[PDB]
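S.K.: For reference, the structure I am asking about is given below.
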Amino acid sequence: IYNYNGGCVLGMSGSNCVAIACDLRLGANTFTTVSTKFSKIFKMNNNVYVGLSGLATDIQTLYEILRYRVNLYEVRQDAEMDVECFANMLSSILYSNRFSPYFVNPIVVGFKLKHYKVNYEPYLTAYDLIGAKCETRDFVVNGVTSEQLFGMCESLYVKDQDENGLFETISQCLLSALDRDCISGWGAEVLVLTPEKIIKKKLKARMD
Amino acid sequence: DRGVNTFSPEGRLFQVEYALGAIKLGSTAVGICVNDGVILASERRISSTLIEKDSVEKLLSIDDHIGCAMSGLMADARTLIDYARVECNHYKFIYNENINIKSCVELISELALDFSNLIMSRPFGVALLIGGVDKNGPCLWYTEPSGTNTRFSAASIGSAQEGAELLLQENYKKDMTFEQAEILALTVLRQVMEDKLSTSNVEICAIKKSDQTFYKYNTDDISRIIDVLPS
Amino acid sequence: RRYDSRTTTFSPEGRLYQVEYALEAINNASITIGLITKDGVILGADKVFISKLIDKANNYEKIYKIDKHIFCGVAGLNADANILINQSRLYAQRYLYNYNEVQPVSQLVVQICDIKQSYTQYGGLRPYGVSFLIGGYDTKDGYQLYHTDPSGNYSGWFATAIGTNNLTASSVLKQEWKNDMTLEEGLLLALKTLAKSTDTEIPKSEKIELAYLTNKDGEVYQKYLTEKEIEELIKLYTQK
Amino acid sequence: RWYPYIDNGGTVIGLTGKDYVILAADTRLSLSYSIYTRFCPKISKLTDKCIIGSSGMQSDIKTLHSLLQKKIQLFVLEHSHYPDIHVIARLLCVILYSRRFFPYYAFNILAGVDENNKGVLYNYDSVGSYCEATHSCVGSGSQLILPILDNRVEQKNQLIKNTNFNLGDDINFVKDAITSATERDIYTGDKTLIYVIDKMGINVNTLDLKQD
Amino acid sequence: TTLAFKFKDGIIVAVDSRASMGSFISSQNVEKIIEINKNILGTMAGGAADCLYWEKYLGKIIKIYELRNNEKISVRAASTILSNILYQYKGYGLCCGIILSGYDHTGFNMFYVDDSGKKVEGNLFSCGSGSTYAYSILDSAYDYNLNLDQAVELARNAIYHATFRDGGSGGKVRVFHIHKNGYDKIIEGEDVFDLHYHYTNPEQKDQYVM
Amino acid sequence: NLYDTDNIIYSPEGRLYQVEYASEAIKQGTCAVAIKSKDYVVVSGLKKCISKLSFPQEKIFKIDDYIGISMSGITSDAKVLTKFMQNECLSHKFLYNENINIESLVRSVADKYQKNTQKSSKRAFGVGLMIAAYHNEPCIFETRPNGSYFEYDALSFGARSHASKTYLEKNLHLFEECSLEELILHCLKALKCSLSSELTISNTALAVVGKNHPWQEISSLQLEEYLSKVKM
Amino acid sequence: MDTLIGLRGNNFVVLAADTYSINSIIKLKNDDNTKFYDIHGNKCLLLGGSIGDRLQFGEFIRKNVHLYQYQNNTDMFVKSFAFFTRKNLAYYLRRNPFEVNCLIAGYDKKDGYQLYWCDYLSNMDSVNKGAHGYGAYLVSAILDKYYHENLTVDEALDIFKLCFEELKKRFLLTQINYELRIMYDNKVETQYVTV
Amino acid sequence: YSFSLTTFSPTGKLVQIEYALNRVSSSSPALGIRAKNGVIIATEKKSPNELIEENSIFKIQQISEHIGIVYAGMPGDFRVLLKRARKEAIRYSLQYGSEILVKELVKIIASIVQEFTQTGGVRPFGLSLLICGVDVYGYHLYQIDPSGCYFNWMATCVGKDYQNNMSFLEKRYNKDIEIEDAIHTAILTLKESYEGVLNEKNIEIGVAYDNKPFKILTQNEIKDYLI
Amino acid sequence: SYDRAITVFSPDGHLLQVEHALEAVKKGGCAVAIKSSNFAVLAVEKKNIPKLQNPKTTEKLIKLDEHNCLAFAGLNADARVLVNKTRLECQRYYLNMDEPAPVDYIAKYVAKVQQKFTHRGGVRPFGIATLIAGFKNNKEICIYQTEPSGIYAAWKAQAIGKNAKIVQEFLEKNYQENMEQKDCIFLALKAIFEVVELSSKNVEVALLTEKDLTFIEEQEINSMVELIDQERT
Ligand SMILES: *C(=O)[C@H]1N[C@@](C)(CO)[C@](O)([C@H](Cc2ccc(F)cc2F)NC(=O)[C@H](Cc2ccc(F)cc2)NC(=O)[C@@H](CC(=O)N(CC)CC)NC(=O)CCCCC)O[C@H]1C
């Protein structure tokens, strides 16, 4: 069922710098694509991002459900929402349809604020199609192309890293993973968030 | 002060009696039943001249073989008429034959007392003069908010119903011809109006024994009846 | 039956007697102001003074935001306000869920006035004793401002004032308001009509609260004025 | 994993005339290859001038006949006249189609005499379709007897022709047909009830068939 | 095998009379055309009980609508009602196949309705096992502005040839004619036997070979 | 005074006024009378006629073979009770293929009286029923707006019932062990006593039921013959 | 089975689809009208699948969008129309599935001329061009080859003519008759083509 | 049968809610102080007969690890409100996996109180909660009313002679007050309010010391503070 | 209360809540409707505070469907609710019949709904009088009226709201059959201003055809009010 609209997402961490990336394919009947702009990354808060991989309708439906819940939370509390709270709420939503579930394997990527000045701690985690959370503290990968990404990251991860080197690392890992999957690819985007700014870049991938 | 279904000390329900008060005002109507068929009529209480007078109709048809004549709160009356024709077509679906008029008035009376929990909220405040033809023969029936229904050879409802019943008592006779019944109905109706009788000022319907079909008289038939009307 | 309050039941004159008492409750409340400006829409108000130990920082009890592009000012009972604020936020995010675009303010105020009309008509529950000055921006109609009431009536207003001494405030708005005007001029006029309504020559910075909504840089945002900013505004008002 | 359908087996024969209708049926109940009892009438009288016969599941036909008699009695109570056979036919059509998705295992025949002294005969399927006829048969033996009735009544593929038919010859033809079915089918029966309807009421006789 | 087409003097509707429980025919005479309204007819195909019950139900609802509103219903509205109610029983086992044809205020109109809510407007339709044969013969020899006699002859021959290569279809032909003021039954029922031995084997010598 | 606003309030004396008012509605209703002997229960009643053009209203009703009733009070309530009893007897004969026990049916309708008297926002029926049947014995039962039922040798309902009751207790001993004809005659004398202003074929109803005698209203000719016998 | 084609560029939009009413092995008609659903305003909905499913879904979506526009007295945005159709299709997919493809198109003041692909499992995304059915295989690569920025409506119609010629020549159902629906310059023009 | 017993009078004023405030004003007082590095809720309990034990009755409770509460009014109302507030904190923690914010809990309980004012066949709650807690956004102190409206305080008092206690607490209070001085001001405020003599088992105190669990002081610690 | 009868028969046999709804209607602003040949004119008054109120937000005169239109007088919130109900029923009819809803069906449905709320527990009557304008199924213009009691009838011309009797008396002695569009607009503007202060800003008039509803511009209304002001003086 995940061969229908195959996709992949990825996210790494570094020294006061975090990265998230995805492929831009939308499939139909497995072996014929229809679009090269379907971004699996969705901005949700000023320092929280979420990567949804799986069936496209379930990706979109889960995006609107989470956007509803999020914007409700910032409007009532009148303050910015935390990554852990969003992760727990996402796990509850995926569990709430434990039977007949959303066929989506999401991830969460963002920053953790520790007020005292303020320190931005990286945060990354991944989920099954039910909400099997597992904190990882380094590279997090999820999708049909997950095995190739797991293979690439350990060879290419260098612990904490500069944001430029992080972009090179995550870009090479994603491009080498997507080239070895037939139903995943067709371009890529790499979002590198920092406290000062976010850099969004698209890669000259084997989109063909 | 009190609920809808509160008995009086005399055993009468207050809401039912007040509903009987409401039917005392309204458009006068007259019904006659004879061997060859049934006749109904109404005074056609026209409003100001800007009204079309086609939409304002007092003689509707429950089915192909049933007519009616309303009195009292008219929106409630149309609700009762709608339920009646729905149930008659339900009979026509469940059973091939045409529904008897007695069963139709019984269902109408059953709906009228629906406010008593034994959903609606108060009595309908409507009096109907239903008429039709079936295998048993032509007949007409009377309905009122109290639920009792009584079957007639000739009757009337509305404002000038008492004088209409008196003239019908004086003039109606058994073994009557249908033309005699039509001229009798127009004589009684003309005597109980306020305005002079005319073509647009009156409406008539009838269900013949042979046709067994509802048929509202048009302007030509009404003028023909008026021209041969004694005075 | 014997203990019934006769809520959803017409008067002899056709008024229901309950929305009327709700409106007298509105007229005794603290005043709220509304203004539409070329740069934005403003919902200044007046705090009721309960005690000096109330937290001055934040504690915006009159103006609330329904979304990033919608925000309103309360002119009645606070609990009846806040439950309807929650319903409004629910309706906004529900429309964004259904259609994937922001809800126009006209749709939203139609929904709040519809649900308020329901308890006025259906059942035997009392109406909500609250009247809002809902304002916001949309691409269909731009900056708008409305006036809701417990009856479920709503009407558009370029500038209006509700609550106690609303006659004097509306007179000042009729005298001073202009079609095209700056945000600073609108804020100064808001201080002027608040001072006139409060029977004070100079407004007190602790006794008032201001907010504005501008579609600046193609991204609408709300600002809520702090004590220092209100002090600077009152200094400009005294200078002017 | 329980199938709520068994063919108890049987046959009901029907034939009409100018002013009469003849309906005949077995009096055997059975299971697949064994017989319960030698006397189980499937014909149920509905009105003074109408009867109904059936074949299939015994419980379904009993429930259907008693339900139809309930509806007829309620109709007479509410409306103060007996229902006609066409009325009963449409009522049975609506009753059968109410259970469309769990249908009655009952192939029905509805016989009687109209108000104009005409012997009618309606024949049914399990679901509710119905059509008037001058001859019909249902049950296990339906394929056996139905060509014979077509030869006798319609009498196509013939040139000399003979339409002179009366009540006794029609009855004797029905006795011959049910005897042939009893010889040529195992579920048919051992005693049969020849219901005859006329303007002067209803009469019922009984006949003894083979016991095998 | 049902049939319906539109021409200068209204609409002609033709049907067979067979009825099959499988390999065995239940009854050779039936009526597959119901007067749903005085000005509207409807053919019948597929499951007999389903189509019969649902056209009678539609006739009931049409009597409700006409008697309330005091206006004759159109064929489009009846077809839409039928397709809506049949779609509610989707995936349940119904096999209703219907061709609704009649005159209304718009004009002469014709619709096809199926168990799957398949409302299709047209001027020529045919449903059943022998639908293809009737379609073939009409589209070989159907034209607008031909006489009523030619139309009934064409419909009768099409129903005959549909019965000729279809065991499911047979019995008798019932050709009806719809016009402005209701309808008339041109052929109440006519045996296909003499029809065959008039059309294809006019000389009664030797078996016909094909 | 103020304890008659609702049906759920006991007075200081301890009386439901609404139920008493329903009984008052029964007492103002038209007449009826029933008599039984050893193997026959005869029922009769005066059919209301409000005008010379009006025809007589239905008074006697049929519920089931060998069971029938008569009416006095609100007619719509009688319609509801008749439909309930007809459905109950027909359902019993459906599911069990036997005639229903009559007193179980009487308890059922009395329960329907009770549940409407008891809960608020509902009214008791303004009608009493005169149930007559032959369940292997002639029997006459009674119902009241309160949940209650009693069994009688003879009974009367509403109108000038005092004259009828005086005649019945004056002649109760002779009702047992007399033929059906004299039984019908005595019932007509009781109704004529309730008249106090003449009995005719149109304005009276009559029904008979007994052993080997299902419930059947008497024809016009036989009723005219009995009326002429009463006149003579 | 039912071929739908769609193309979008600067200042035009084109939709296309075969005109065939298939039942079993035959055609009820060669001039079908059950596939296109005109919406009030510069909007349209093209459906493909079983006839009853597209009839119910298209009428339901069209008449609800009309209800929105009449109640609110404003023209619904194209993006709102597309995502509302997707949400309705997904909801009905989870309970009472509608096997029906989609091609939402329209014009908006804020977004301009735009098109949306959508599958029978509500697999929706904006595209400049797309197709549905088995004929999507034999026309989509043509659309890649001859599409370029700053296109015109006549060039688009030439591309559609090439696709129709290919579907007649090579596709198993040699589809001859087609119906088009062009949106440009605040007009909605319909054409009928027979290659 | 469900109809609003609470209704608008002429001039409104919500007379049942006014009677609920009259219930609160006659009930035993409670108070709370917000300090620089802590928050206090304190209340006096009536001078008990010897049969009562203070280890059973508790006007001070805890909803979560960091959140406390005190009331002044009907005890059963406080019990059901406390139980449902615990359920609200629990469902929020089940969803978002964290200790509940003070503001969200205050909003929900205010909405529930409004629902009971609005709902038919009921009467308002006859108490006035006083919730205190600590979270990411500093310390908070809130005050629920029978109306279902919440107010953010830095120091407040409830119950009998609440105006005089408010004035006294206004006289002796600073924004940068230490936690021990806040406790001393609470003791002096309730001592002025009681018009009698105090000791252990006559007063009860709850406090949250910095980012640590909410703590209820035993009688030994209060006796140490009284000296 | 919830599910109990609040409207009931008085001792005189009148449902007093319905007459109270009629006084609520009579306090509401006036409205007029005319028809002739193949079109209709709808007029409603207007009241706004100058320099503060936005005239665009007013929705006294509306469109229900492709052809049907509606005007009302009474409580505006109840009017909005019943308007949304009728629009829902219009699109429900158009999905179950595949023909646009005729004016007679919508007038009957509005009367049915108002009688339903008048004849059920837990709901008071809709305190509004509406009059619907639209084309019949046979392409015949007919305007319907509707009272809170559920009474409805078809009129050639009729008015509602404040001083409706005086306006209806005026229309009886000035209505003509098959008038021009300018003549109908002139007659409606005279009729509404018999009982309304003379100014262009106090009315919102529109004209209905088979194409669509078209609101008359401010300049034509200003010319018309000036012309009748000259005519009166
Ligand atoms: C034209 O092509 C022509 N073919 C046939 C004759 C083929 O059967 C038919 O489809 C016919 C319809 C018909 C028959 C009689 C009638 F009064 C009206 C009518 F519309 N079809 C059938 O009779 C059913 C065959 C069938 C087709 C499709 C299905 F999905 C299921 C069945 N047969 C019956 O209806 C049968 C019993 C039945 O309901 N079945 C089969 C067990 C389905 C549950 N009933 C009868 O034959 C008549 C009652 C019994 C008389 C003793 O019409 C046109 C198209």
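Following the order of the structure tokens, first chain is A, next is B, and so on, with residues numbered from 1 inside each chain and ligands from 1 in the order they appear.
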Near residue 155 of chain C, within 8 Å and counting only C-alpha atoms, which residues show up once chain neighbours fewer than 3 positions away are dropped, as a list in words?
M.R.: residues 146, 147 and 148 of chain C; 53, 54, 57 and 58 of chain I
S.K.: Export N, CA, C and O atoms of the chosen residues as a PDB file, in the first residue's frame?
M.R.:
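This is the output file out.pdb:
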ATOM      1  N   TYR C 146     -17.708  44.661  13.170  1.00  0.00           N
ATOM      2  CA  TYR C 146     -19.112  44.311  13.352  1.00  0.00           C
ATOM      3  C   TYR C 146     -19.529  44.604  14.789  1.00  0.00           C
ATOM      4  O   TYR C 146     -18.705  44.954  15.638  1.00  0.00           O
ATOM      5  N   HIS C 147     -20.831  44.468  15.050  1.00  0.00           N
ATOM      6  CA  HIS C 147     -21.416  44.599  16.386  1.00  0.00           C
ATOM      7  C   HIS C 147     -22.489  43.527  16.547  1.00  0.00           C
ATOM      8  O   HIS C 147     -23.584  43.639  15.983  1.00  0.00           O
ATOM      9  N   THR C 148     -22.160  42.499  17.321  1.00  0.00           N
ATOM     10  CA  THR C 148     -23.051  41.398  17.644  1.00  0.00           C
ATOM     11  C   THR C 148     -23.821  41.772  18.927  1.00  0.00           C
ATOM     12  O   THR C 148     -23.442  42.704  19.636  1.00  0.00           O
TER      13      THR C 148
ATOM     14  N   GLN I  53     -22.161  53.355  10.305  1.00  0.00           N
ATOM     15  CA  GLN I  53     -22.673  52.074   9.851  1.00  0.00           C
ATOM     16  C   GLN I  53     -22.277  51.807   8.405  1.00  0.00           C
ATOM     17  O   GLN I  53     -22.161  52.726   7.589  1.00  0.00           O
ATOM     18  N   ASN I  54     -22.081  50.522   8.097  1.00  0.00           N
ATOM     19  CA  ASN I  54     -21.700  50.070   6.768  1.00  0.00           C
ATOM     20  C   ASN I  54     -22.961  49.589   6.052  1.00  0.00           C
ATOM     21  O   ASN I  54     -23.542  48.583   6.484  1.00  0.00           O
ATOM     22  N   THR I  57     -23.235  45.591   4.761  1.00  0.00           N
ATOM     23  CA  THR I  57     -23.506  44.442   5.617  1.00  0.00           C
ATOM     24  C   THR I  57     -24.993  44.120   5.734  1.00  0.00           C
ATOM     25  O   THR I  57     -25.336  43.002   6.130  1.00  0.00           O
ATOM     26  N   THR I  58     -25.880  45.064   5.421  1.00  0.00           N
ATOM     27  CA  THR I  58     -27.309  44.790   5.471  1.00  0.00           C
ATOM     28  C   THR I  58     -27.695  43.780   4.399  1.00  0.00           C
ATOM     29  O   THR I  58     -27.208  43.836   3.266  1.00  0.00           O
TER      30      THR I  58
END
S.K.: Pick out the chain A residues within 8 Å of chain G. Count only C-alpha atoms. Give them as a PyMOL selection string.
M.R.: chain A and resi 34-35+38+55-57+61
S.K.: Could you dump the residues just selected with C-alpha atoms as a CSV table (one decimal), in the first residue's frame?
M.R.:
chain,number,residue,atom,x,y,z
A,34,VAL,CA,2.1,12.4,-11.5
A,35,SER,CA,3.8,15.4,-9.8
A,38,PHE,CA,4.5,17.1,-3.4
A,55,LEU,CA,-0.4,7.6,1.5
A,56,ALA,CA,-1.0,11.1,0.2
A,57,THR,CA,-4.6,11.5,1.3
A,61,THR,CA,-5.7,14.7,6.3
S.K.: Near chain I, meaning an atom within 6 Å, which residues of chain E appear when counting only C-alpha atoms? Write them as a ChimeraX atom specification.
M.R.: /E:77,80-81
S.K.: I need the residues from that last selection saved to file as a tab-separated table (two decimals), in the first residue's frame (with C-alpha atoms), if you can.
M.R.:
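Wrote it out as part_35.tsv, contents follow:
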chain	number	residue	atom	x	y	z
E	77	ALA	CA	-37.44	14.10	-12.00
E	80	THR	CA	-33.63	11.13	-10.67
E	81	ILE	CA	-35.85	9.90	-7.82
S.K.: Please measure the separation of atom CA of residue 113 of chain C and atom CA of residue 46 of chain I, giving the value in Å to one decimal.
M.R.: 21.0 Å
S.K.: Produce as a list in words the set of residues near ligand 1, where near means within 6 Å with only C-alpha atoms and all ligand atoms considered.
M.R.: residues 123, 124, 125, 127, 129 and 130 of chain D; 1, 2, 18, 19, 20, 21, 26, 27, 30, 31, 32, 44, 45, 46, 47, 48, 49, 95, 128, 129, 130, 168 and 169 of chain E
S.K.: Restricting it to C-alpha atoms, dump the selection as a PDB file, in the first residue's frame.
M.R.:
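Written output follows (again_4.pdb):
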ATOM      1  CA  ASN D 123     -48.649 -17.319  -8.841  1.00  0.00           C
ATOM      2  CA  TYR D 124     -45.611 -16.093  -6.927  1.00  0.00           C
ATOM      3  CA  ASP D 125     -41.865 -16.436  -6.521  1.00  0.00           C
ATOM      4  CA  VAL D 127     -39.367 -12.398  -3.486  1.00  0.00           C
ATOM      5  CA  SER D 129     -43.388 -10.930  -8.316  1.00  0.00           C
ATOM      6  CA  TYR D 130     -46.915 -11.984  -9.236  1.00  0.00           C
TER       7      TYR D 130
ATOM      8  CA  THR E   1     -35.581  -7.712 -23.871  1.00  0.00           C
ATOM      9  CA  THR E   2     -37.026  -4.176 -23.523  1.00  0.00           C
ATOM     10  CA  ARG E  18     -40.997 -14.477 -20.948  1.00  0.00           C
ATOM     11  CA  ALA E  19     -40.028 -15.005 -17.303  1.00  0.00           C
ATOM     12  CA  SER E  20     -37.185 -17.335 -16.295  1.00  0.00           C
ATOM     13  CA  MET E  21     -36.176 -18.971 -13.010  1.00  0.00           C
ATOM     14  CA  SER E  26     -42.080 -19.514 -14.910  1.00  0.00           C
ATOM     15  CA  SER E  27     -44.775 -17.852 -17.035  1.00  0.00           C
ATOM     16  CA  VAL E  30     -46.536 -11.153 -18.071  1.00  0.00           C
ATOM     17  CA  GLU E  31     -46.773  -7.334 -18.219  1.00  0.00           C
ATOM     18  CA  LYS E  32     -43.425  -5.491 -18.239  1.00  0.00           C
ATOM     19  CA  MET E  44     -39.011  -3.637 -16.617  1.00  0.00           C
ATOM     20  CA  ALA E  45     -35.916  -5.823 -16.725  1.00  0.00           C
ATOM     21  CA  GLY E  46     -33.584  -7.861 -14.573  1.00  0.00           C
ATOM     22  CA  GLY E  47     -34.957  -8.835 -11.190  1.00  0.00           C
ATOM     23  CA  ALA E  48     -38.732  -8.894 -11.620  1.00  0.00           C
ATOM     24  CA  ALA E  49     -39.754  -8.210  -8.016  1.00  0.00           C
ATOM     25  CA  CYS E  95     -30.635  -5.826 -10.503  1.00  0.00           C
ATOM     26  CA  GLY E 128     -32.195  -7.151 -21.293  1.00  0.00           C
ATOM     27  CA  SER E 129     -30.455 -10.217 -22.636  1.00  0.00           C
ATOM     28  CA  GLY E 130     -31.603  -9.413 -26.184  1.00  0.00           C
ATOM     29  CA  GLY E 168     -34.402 -15.798 -22.034  1.00  0.00           C
ATOM     30  CA  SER E 169     -36.596 -13.582 -24.225  1.00  0.00           C
TER      31      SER E 169
END
S.K.: Between chain I and chain G, at 10 Å or less, what are the per-residue closest atom pairs and their distances in Å? Count only C-alpha atoms, order by chain and rising residue number, and return it as CSV.
M.R.:
residue,atom,partner,partner_atom,distance
I:62,CA,G:73,CA,9.0
I:63,CA,G:70,CA,7.1
I:64,CA,G:70,CA,6.4
I:65,CA,G:70,CA,6.9
I:66,CA,G:70,CA,8.9
I:80,CA,G:71,CA,9.3
I:83,CA,G:71,CA,8.3
I:84,CA,G:71,CA,6.5
I:85,CA,G:71,CA,9.9
I:87,CA,G:67,CA,6.6
I:88,CA,G:67,CA,6.7
I:89,CA,G:67,CA,9.8
I:90,CA,G:67,CA,8.7
I:91,CA,G:63,CA,5.9
I:92,CA,G:63,CA,8.2
I:94,CA,G:63,CA,7.8
I:95,CA,G:59,CA,6.6
I:96,CA,G:59,CA,9.9
I:98,CA,G:59,CA,9.3
S.K.: Write out as a ChimeraX atom specification every residue belonging to chain C that has an atom at most 12 Å from any atom of chain G, counting only C-alpha atoms.
M.R.: /C:95-111,138-141
S.K.: Against chain E, which residues of chain G fall within 10 Å? For each one I want the closest pair of atoms and the distance in Å (one decimal), counting only C-alpha atoms, rows by chain and increasing residue number, as a tab-separated table.
M.R.:
residue	atom	partner	partner_atom	distance
G:21	CA	E:120	CA	8.1
G:23	CA	E:118	CA	9.5
G:25	CA	E:132	CA	9.2
G:26	CA	E:132	CA	7.9
G:28	CA	E:125	CA	7.1
G:29	CA	E:122	CA	7.5
G:31	CA	E:122	CA	9.5
G:32	CA	E:120	CA	8.5
G:33	CA	E:120	CA	9.0
G:34	CA	E:120	CA	8.1
G:50	CA	E:118	CA	8.4
G:51	CA	E:118	CA	5.7
G:52	CA	E:117	CA	4.6
G:53	CA	E:117	CA	7.8
G:54	CA	E:118	CA	9.7
G:55	CA	E:118	CA	8.0
G:56	CA	E:84	CA	8.1
G:96	CA	E:90	CA	9.7
S.K.: Tell me which protein, DNA and RNA residues are within 12 Å of residue 202 of chain A, counting only C-alpha atoms, leaving out same-chain ones fewer than 2 positions away, and put them as a list in words.
M.R.: residues 20, 21, 22, 23, 24, 36, 37, 39, 167, 171, 174, 175, 186, 187, 188, 189, 190, 191, 192, 199, 200, 204, 205 and 207 of chain A
S.K.: Output the contact residues of chain I with respect to chain C at a cut-off of 7 Å, based on only C-alpha atoms, as a list in words.
M.R.: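 Close enough to count are residues 1, 2, 17, 20, 21, 23, 24, 51, 52, 53, 54, 57, 58, 76, 77, 122, 123 and 124 of chain I.
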S.K.: Once you count only C-alpha atoms, what closest atom pair and distance in Å to one decimal does each residue of chain I within 12 Å of chain F have, with rows by chain and rising residue number, as a tab-separated table?
M.R.:
residue	atom	partner	partner_atom	distance
I:3	CA	F:121	CA	10.8
I:4	CA	F:121	CA	9.1
I:5	CA	F:121	CA	10.8
S.K.: Can you tell me, as a ChimeraX atom specification, what residues are no more than 7 Å from residue 46 of chain C when counting only C-alpha atoms, ignoring any on the same chain fewer than 5 positions away?
M.R.: /C:30-32,207-209
S.K.: Return as a PyMOL selection string the full set of residues in segment 77-170 of chain G whose backbone-based DSSP assignment is alpha helix (DSSP H).
M.R.: chain G and resi 78-95+136-146+153-169
S.K.: Next, dump the selected residues to file, keeping only C-alpha atoms, as a short mmCIF file (atom, residue, chain, number, x, y, z; two decimals), in the first residue's frame.
M.R.:
data_model
loop_
_atom_site.label_atom_id
_atom_site.label_comp_id
_atom_site.auth_asym_id
_atom_site.auth_seq_id
_atom_site.Cartn_x
_atom_site.Cartn_y
_atom_site.Cartn_z
CA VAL G 78 -10.67 27.28 -6.44
CA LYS G 79 -8.30 25.90 -3.79
CA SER G 80 -11.16 25.68 -1.29
CA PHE G 81 -13.27 23.88 -3.90
CA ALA G 82 -10.51 21.35 -4.60
CA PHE G 83 -9.68 20.59 -0.97
CA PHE G 84 -13.37 20.44 0.00
CA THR G 85 -13.92 17.91 -2.79
CA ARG G 86 -10.91 15.94 -1.56
CA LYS G 87 -12.15 15.91 2.03
CA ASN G 88 -15.62 14.76 0.98
CA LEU G 89 -14.11 12.06 -1.23
CA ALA G 90 -11.80 10.85 1.57
CA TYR G 91 -14.65 10.76 4.10
CA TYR G 92 -16.83 8.77 1.72
CA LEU G 93 -13.82 6.56 0.89
CA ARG G 94 -13.52 5.48 4.51
CA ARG G 95 -17.25 4.47 4.73
CA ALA G 136 -3.37 8.68 -19.30
CA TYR G 137 -0.48 6.39 -20.25
CA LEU G 138 -0.72 7.22 -23.97
CA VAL G 139 -1.14 11.04 -23.68
CA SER G 140 0.86 12.20 -20.63
CA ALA G 141 4.29 11.95 -22.29
CA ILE G 142 3.00 13.97 -25.26
CA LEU G 143 1.96 16.62 -22.74
CA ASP G 144 5.46 16.58 -21.25
CA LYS G 145 7.04 16.86 -24.69
CA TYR G 146 5.02 19.77 -26.16
CA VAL G 153 -4.62 28.27 -26.04
CA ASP G 154 -4.21 27.32 -29.72
CA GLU G 155 -0.97 25.44 -29.01
CA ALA G 156 -2.76 23.63 -26.18
CA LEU G 157 -5.61 22.64 -28.49
CA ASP G 158 -3.03 21.34 -30.98
CA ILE G 159 -1.53 19.21 -28.19
CA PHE G 160 -5.00 17.92 -27.32
CA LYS G 161 -5.56 17.10 -31.00
CA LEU G 162 -2.33 15.09 -30.98
CA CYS G 163 -3.49 13.24 -27.86
CA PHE G 164 -6.88 12.47 -29.44
CA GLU G 165 -5.18 11.20 -32.60
CA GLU G 166 -2.98 8.95 -30.46
CA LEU G 167 -5.97 7.63 -28.52
CA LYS G 168 -7.79 6.87 -31.76
CA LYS G 169 -4.80 5.18 -33.39
#
